[PDB]
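Geometric and topological summary
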Amino acid sequence: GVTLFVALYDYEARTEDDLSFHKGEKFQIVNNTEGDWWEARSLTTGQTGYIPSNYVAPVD
């Protein structure tokens, strides 16, 4: 299914394991099966890290 997600709000990371992003930034979800923080890869930077899942929505 749709595994590409878009940021609804900006987020500035505090820990080194989280990605920072702006609204509209796109992500490939790597793992959304463990917790409310999803492992994701930024489609802009290619970096993989953790994002707060309530900040994103499927692109379609």
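Residues numbered from 1 in each chain as written, not as in the entry; some residues may be left out. Heavy atoms only, no water.

What the deposited record gives as its method is X-ray crystallography, and the resolution it gives is 1.8100 Å.

Per the PDB entry, the protein is named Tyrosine-protein kinase Fyn, and its organism is Homo sapiens.

Moving on: the environment of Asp-60. Among the structural elements, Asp-60 can be located in the segment after β5 (56-58). Note on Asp-60: relative accessible area 76%, which makes it exposed. Along the sequence, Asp-60 and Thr-33 sit 27 residues apart, while their C-alpha atoms lie 20 Å from each other. (Helix = DSSP H or I, 4+ residues; strand = E, 2+ residues; numbered from the N terminus. Buried < 20%, exposed > 50% of the residue type's maximum accessible area, 1.4 Å probe, protein only.)

Below, the discussion takes up the side chain of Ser-53. Position of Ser-53 relative to the elements: it lies in the loop between β4 (48-52) and β5. Only 2.6 Å separates the side chain of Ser-53 from the backbone oxygen of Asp-36, close enough to count as a polar contact. Aside from chain neighbours lying at most four places away, what touches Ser-53 is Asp-36 and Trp-38. (Polar contact = N/O pair within 3.5 Å; in protein donor to acceptor, adjacent residues only side chain to side chain. Contact = heavy atoms within 4.5 Å.)

Applying the stated criterion across every chain, the model contains 7 aromatic pairs. Aromatic side chains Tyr-11 and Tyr-55 sit 5.4 Å apart centroid to centroid with 75° between the ring planes, which places their arrangement in the edge-to-face category. In this pair, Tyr-11 is assigned in the loop between β1 (4-7) and β2 (26-31) and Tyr-55 in the loop between β4 and β5, connecting sequence segments 44 residues apart. On the basis of relative accessibility, which here comes to 29%, the residue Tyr-55 falls in the partly exposed class. Measuring from ring centre to ring centre gives 6.2 Å for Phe-21 and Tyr-55, while their planes differ by 90°; the resulting arrangement is edge-to-face. Separated by 34 residues along the polypeptide, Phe-21 in the loop between β1 and β2 and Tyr-55 in the loop between β4 and β5 bring together distant segments of the chain. Taken together, the ring pairs connect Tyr-9, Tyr-11, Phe-21, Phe-27, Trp-37 and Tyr-55 into an aromatic cluster. (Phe/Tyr/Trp six-rings, centres within 6.5 Å; stacked < 30°, edge-to-face > 60°.)

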